[PDB]
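To start, the structure under review is shown below, and the notes come after it.
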Ligand SMILES: O=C1Nc2ccc(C3CCCCC3)cc2C12CCOCC2
Ligand SMILES: O=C1Nc2ccc(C3CCCCC3)cc2C12CCOCC2
C-alpha cells in the first residue's frame, strides 16, 4: 500500500516550467524550434547544465557556458541570435514568472494530513544571482509543507541517474511499491517506474490529480475549501523579553517585514493566532504573536493592579523598546482588542496601525461608574461573576479540558447562555461534565490550552477584568482625543456579547476607521473564520499599514 | 552632593529647537518677528498648546488650532500669511530636522557611568501624524541611555508648573540639592532653581557642558573617544529555535530591517558582538546574534560529527526556515567566519551578503590531507593540541576565569605564544594562575563568559576543530565554484594566527570581494576595535547588503 508521495518542483509544484519559457522565448525571438532547449541540455551528462544541477558550478558561472552553447547551436542551425540576446535576462524572467501550483500543493497537503510521507525531489542549482531572493522565498513557502526536500545540487546527483532514486528511497525509508512519484518529464519518470514506484506524468494538473486520487484512494479533487496553514508550537521561534524585574513576556515570531504584534483575548494564548501567523508572514510581515501578561510562558504576578490597561500598555511599549522596534501594527481580539485601542490613544507614535476583532472602541462615560455601565447590559453579567477574587478561578481551573471545550464553540454549537451567570452560581452550572468537541478545534488543540493553563491558571487572566475603576479613570484622560492613525474594526455577526451594533458610534472617535464584517462568525473569530480573517487583515495591512 | 542629572529634549538633547525653526520660518516667509512663536504660546495655560502638551488632544487635533492662532495673530499685526501657509508642513520639517545633540548625550552617558541617575524631562505631545515614526525612532535612540523619561503628555502636567518638578523629584527619589537640571528655556529653569536644584541654561553645548563639568567634578569635555553602546544581557530579547529534536539554537535579537546574522568564534558567545548589536540595529538592521551550537544557551550534544561544517550549515538554514527568513546577511568571526564562507558557497540563495572578520577563505587542497596542511604552519599547532578528546577540555575547564583572562587580551598585552603548544603540554603551561585583566574587558564581562561556559563547558566548542577530514571532503565538492554574492573580508593587523597575508589569494575565488583592514587589532576584533569594526560593517551593509 502507498505511504509516500514525491513531487517534482519545475512543472509540477511550480508553474510554468523552465522548458516552457525557453519554448516561448524561441517563438518571441523567431528562433528555430527547440534551439534554446537543445543548448540547455547540450553535452548531456558531460555538459554544462549537468555540472550546474550537480552543484559543481553556480548559476552565474553557468550563464556564459549556456551563452556559448546558444552561439554553437545558432552557428550549426545557420541562424543569427538577436543583437540583444541575453541568457541572464531570459533566465531572470523564467525564474521570476514561476508561481506555486496551488491545486498540486493542496493535494500534497491532503496526502500528508492522511498519513503520507511527502517529498520534493528536484533537479536544481546554486542560485547566486542578484535576484536569488525570489527563488529563496518560493522554496521556503513550498518546503515547509513537506517531510523532505532533495535537491540535485546538494546531493551531487541528478534525475534520471539511477542513484538519485535509490537516495530518495533511503530518505523515505520506503520500498518502491509504497511510493507515488509525479514528474512533468517522462525520461525522469522511467527510473522510478523501473524500481516499481507508481508514476504519474504531469501535463495538466487536473488529470495528474485524478490519477493520484484513483491510486491513493484519497479524495484530492472537488474537496471542501482547506483551512489556512496552522502552527506547530515546537517548530516556532520562541522569544522572551523582561519588561521589569518580575515580568517577562513570551512571543512567537515568524517572517520578515513591518512588525505586526498580535494580542489575544481571554482566556487565550499566542496559539489563538495559529491560522494568522503563517499567512501574515507569507504576506510579507514580521509577526509577533504574544502570550499576553498572565498567560502561557509570560509572567503571571498575583496582584490585580498588575493587569490594569495603563500598566499593560506601558509594558507593551517597553517590549517594543527592548526589541528595538520604533513601531508595530497592533492587532487585538477581545481583551487584546481593548488593549490595542488604548495603545492607539496613548502611544500613537509606537502604533503603525491598529486593528480589533469584535471589541469595539467605546469611550469611558465620565458621568457613570464602570460597575453601573457593566450592570446596564445583561450580556456582561459574567463580568460581575469575575469580580470576586477566587470564585471564577475555582470554577475555571476545576477541569481545564471541560473549561476549553465549553468555551471554544462556534455560534451554532449550543453556546453557553451568558444570562444571569451570577444568579446561577457560575458559567458551567448548566453545562455537561464532558462537553462535545467543537468543529473549530481538535482534541490536541484543546490539550495545548490545558497545558498552557496548568502553569499559572486563571488568576492573572481574570485580573484583566478587575481594574474597571482604574481603567475608567485612565480612559477619562483621553476623552478630548480622537484616533487618527490607520484603524480597522472587524465585527462578527454571531458574537452574542461583543455584538456588531456595539461598534456603531466608533466613527465619532475614529473618523477614518475602515471596517470588516464576518457573517456566521462567533466570538472565536480567528479559528471560526480563519480564511476570512486572513483576507480582511492582509488586504488592510497592504493598503493602510505598509 | 549631586547624584542626578536631568536633561530637556528640545534644544538640549536634540538640535535644533522648535522655537529656532519657528524663528527661521518667520524670516523665510518675511513674517513679523515672533509671530509664529506668539501663535504657538497663545492663551498661555488656557491655550491650545498647553492642552496638547498635557495630552488632552493629539498633534493632528492641535494643527487647526495653531492655524487659527496664526490667522488671529496675523490679523492683529495687520499682515497677510502667505497663500501656501501650512502649519502641518512647517511642523513636519521642524520635527524631521531634529537630530541628537551627540556631545550632550555623551555627557549624560559619562555621568550615568559615574553613578548618576539620569532623566529626560520634556514638554512633548501625542504625535499621530503619518510621519510620526521619525520622532518615535529619535525617542527610542535617546531614551535607552537614561534611567527615566518623563513626558508632559503622559503625566498631564507641563513645565513651568511647580507640580511637574515635585513629580520629577519623587521619580528620582532625590532631594533638590542632589539634582542638576539642564534646559534651554529660562522660564522652565526657575521652578527647579526655586526648589534648590543646580540649574544650567543651555545656549551653546560647550558652555553648558563646562558648567556641568565644574559642578559635578566629572570630566565631560575633551574626553577620550567613548566606546560604542554595549548590551546588558537581561535587557535583550532572547530567542530560541529547535532545529532538530536534540538541538535548540539561542539568539539575541534587536532592531528592524534586513536580517543580519552574527556568528561568533571559539571560545565565544553572542556577547562577543555586544558592541556591534546596538550600532547595527541603530543603522536600520534586524540583528540576530547567535550562541553557536555548543555554546551558552544553545544545545551542546557530545558527538564530534554534530559540529562538522555540513551539519552546522544545514542547521543555520533550518534556523532561517523556522524564523521565516528567506535570507540574512551572515557576518562571522574566527570559526564563525569559516561557517559564513561555507554558507555563501553552499546556500548562496539564503545569504544576502557575507562578511568575515580575520578568517580568510582558503579552498580545500584535494592533494593534501587537512592534518598535513595544519602541520605545515607552526602557528596552528594549538589545533593539533585540540584533537585528542578530553585533553584541551580538562585544561580550559579547570579555571574558567583564568581561561578567559588569558585568552581575551589585546596584541600588546603579553599574548600566549602559540608556538609548540603540543610539546609544552598545554596552552597555559607558561601562563599565571591569576592573569591580569585586559583593558578590553571588565571583571563582570569575564564572569559573564565564566557563567556561560559552566553550562556545557568546552566539549561542543572544541568539537568544531575535530572535523578536519569531514569538512575537507565536503569543501572539495565546492572546488569548481566561486563566491559571487556580495562579500567582505576584514583583516586585523596584529592577529598573529589569522594573519592578514593568509587572505592574499581570496580574489581568485571571490572576484568582487571588498576589504576592510584594522590596524593595531588583535584576534578579538569586535572588542579590540569596536568603533572601527562598526564603521566598516555599517558602510559595507549600507552599500552592498541593503
Ligand atoms: O458569543 C459569545 N461572545 C462571547 C464573549 C465572551 C465570552 C466569555 C465569557 C466568559 C468566559 C470566557 C468567554 C463568551 C462569549 C460567547 C458566548 C458564550 O459562548 C462562547 C461565545
Ligand atoms: O593573535 C592571536 N590570534 C589567535 C587566534 C586564535 C587563538 C585561539 C588559540 C587557542 C585558544 C583559543 C584562542 C588565539 C589567538 C591569538 C594568539 C594568542 O593570544 C590570543 C590571540
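Chains as they are written, first to last, in the entry's author numbering: chain A, 2 to 547; chain A', 2 to 547. A prime marks a further copy of an entry chain. We treat Cβ as the ideally placed atom computed from N, Cα and C, and that holds for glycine.
So with Cβ pairs under 8 Å, would you call residue 171/A a contact of chain A'?
Taking Cβ atoms only, chain A' never reaches closer than 8 Å to residue 171/A, which makes this a no.
How do the segment 524 to 539 of chain A' and the segment 273 to 283 of chain A' stand: do at least 3 beta-carbon pairs fall below 8 Å, yes or no?
Flag = yes, the segment 524 to 539 of chain A' and the segment 273 to 283 of chain A' touch.
Does the CB of residue 343/A have a neighbour CB from chain A' at under 8 Å?
No, no contact with chain A'.
Just the chain A side, please: which residues come within less than 9 Å of residue 299/A' by C-beta, in chain order?
The premise fails here: residue 299/A' is roughly 13 Å from chain A at the closest Cβ pair, so nothing lies under 9 Å.
Identify every run of the beta strand (DSSP E) within the segment 343 to 369 of chain A', keeping only runs that are complete inside it and at least 3 residues long; order them along the chain.
The segment 343 to 369 of chain A' contains these whole beta strand (DSSP E) runs: 352 to 358.
Please find out if some non-hydrogen atom of ligand 3 comes closer than 7 Å to the beta-carbon of residue 17/A.
Ligand 3 is not among the ligands present in this structure, which contains only ligand 1 and ligand 2.
Assign residue 406/A to buried or exposed, taking buried as 16 or more other Cβ atoms, counted over all protein chains shown, within 10 Å of its Cβ.
Its Cβ being crowded by 16 or more others within 10 Å, residue 406/A is buried.
Can you grab the Cα-Cα spacing for the pair residue 197/A / residue 181/A, in whole Å?
If I take the Cα positions, the gap works out to 10 Å.
Tell me where the alpha helix (DSSP H) around residue 449/A' begins and ends.
Where residue 449/A' is concerned, the enclosing alpha helix (DSSP H) stretches over 444 to 457.
On the DSSP bridge assignment, give the partners of residue 88/A' in chain order.
None, per the DSSP bridge assignment.
Do the CB positions of residue 139/A' and residue 113/A' come within less than 8 Å of each other?
No. Outside cutoff.
Can you list the beta strand (DSSP E) stretches of 3 or more residues lying completely in the segment 262 to 339 of chain A, in chain order?
If we require 3 residues or more, the beta strand (DSSP E) runs fully inside the segment 262 to 339 of chain A come out as 287 to 291 and 329 to 334.
What I want to know is whether the C-beta of residue 529/A' ends up closer than 7 Å to one or more non-hydrogen atoms of ligand 2.
Flag unset: Cβ of residue 529/A' not near ligand 2.
Going by DSSP, what residues sit across from residue 238/A in a beta bridge?
According to DSSP, which records beta bridges pairwise, residue 238/A is partnered with 254/A.
What would DSSP say about residue 419/A, mapped onto helix, strand or coil?
Looking at residue 419/A - three-state DSSP - the assignment turns out to be coil, as it is neither helix nor strand.
Starting from residue 260/A, find everything on chain A' with Cβ-Cβ shorter than 8 Å and list it in chain order.
Under the 8 Å cutoff, chain A' gives 257.
Evaluate residue 133/A' with the Cβ neighbour count: other Cβ atoms within 10 Å of its Cβ, from every protein chain shown; 16 or more gives buried, anything less gives exposed.
Buried is the call here.
Can you determine whether any heavy atom of ligand 1 sits closer than 7 Å to the C-beta of residue 355/A', and answer yes or no?
Not so, every heavy atom of ligand 1 lies at least 7 Å from the Cβ.
Cβ of residue 429/A' within 7 Å of any heavy atom in ligand 2?
For ligand 2, not one heavy atom lies less than 7 Å from the Cβ of residue 429/A'.
What do you get for residue 403/A', buried or exposed, if any count of 16 or more other CB atoms within 10 angstroms of its CB means buried?
Label assigned to residue 403/A': buried.
Counting only Cβ pairs nearer than 8 Å, list the residues of chain A' close to residue 158/A.
The contacting residues do not exist; residue 158/A stays about 12 Å from chain A' at best.
Which stretch, first to last residue, makes up the alpha helix (DSSP H) that contains residue 534/A?
531 to 541 is the span of the alpha helix (DSSP H), which, as asked, contains residue 534/A.
Which same chain residues end up closer than 8 Å to residue 36/A' when comparing Cβ atoms and leaving out the 5 residues on each side of it in sequence?
27, 71, 74, 75, 78 and 80, listed in sequence order.
Quick check: residue 540/A' and residue 510/A', are their CB atoms within less than 8 Å of each other?
The answer is no: Cβ separation not under 8 Å.
Using a Cβ-Cβ cut-off of less than 8 Å, list which residues of the segment 221 to 254 of chain A' approach chain A; keep chain order.
Flagged, chain order: 235, 236, 237, 238, 239, 240, 241, 242, 243 and 254.
How many Å lie between residue 270/A and residue 386/A at the Cα?
Their Cα atoms are separated by approximately 22 Å.
Residue 203/A and residue 338/A: beta carbons closer than 8 Å?
No, these two residues do not count as a Cβ contact at 8 Å.
Tell me whether residue 128/A is buried or exposed, calling it buried when 16 or more other Cβ atoms sit within 10 Å of its Cβ.
Classification for residue 128/A: buried.
So, does the CB of residue 141/A fall closer than 8 Å to a CB anywhere in chain A'?
Output row for residue 141/A: interface = yes.
Counting only C-beta atoms, is residue 76/A closer than 8 Å to chain A' at any point?
Chain A', which has no Cβ nearer than 8 Å to the Cβ of residue 76/A, makes this no.
When you check each C-beta in the segment 478 to 503 of chain A' against every C-beta of chain A, which residues fall closer than 7 Å?
Cβ contacts with chain A come from 478, 481, 482, 483, 485 and 486.
Would you say residue 282/A' reaches chain A, if we count a Cβ-Cβ gap shorter than 8 Å as a contact?
Chain A contact via Cβ: present.
If we define contact as Cβ-Cβ less than 8 Å, is residue 350/A' a contact residue for chain A?
It does: the Cβ of residue 350/A' has a partner Cβ on chain A nearer than 8 Å.
Got a sec? Which residues, its chain only, sit under 8 Å from residue 61/A' by beta carbon, not counting five neighbours each side?
Excluding positions up to five away in sequence, the list reads 129 and 130.
What in chain A' is Cβ-close to residue 58/A, meaning under 8 Å?
Simply 481 and 482.
Going straight from the alpha carbon of residue 471/A' to that of residue 367/A', what length do you get?
Computed Cα separation, rounded: 13 Å.
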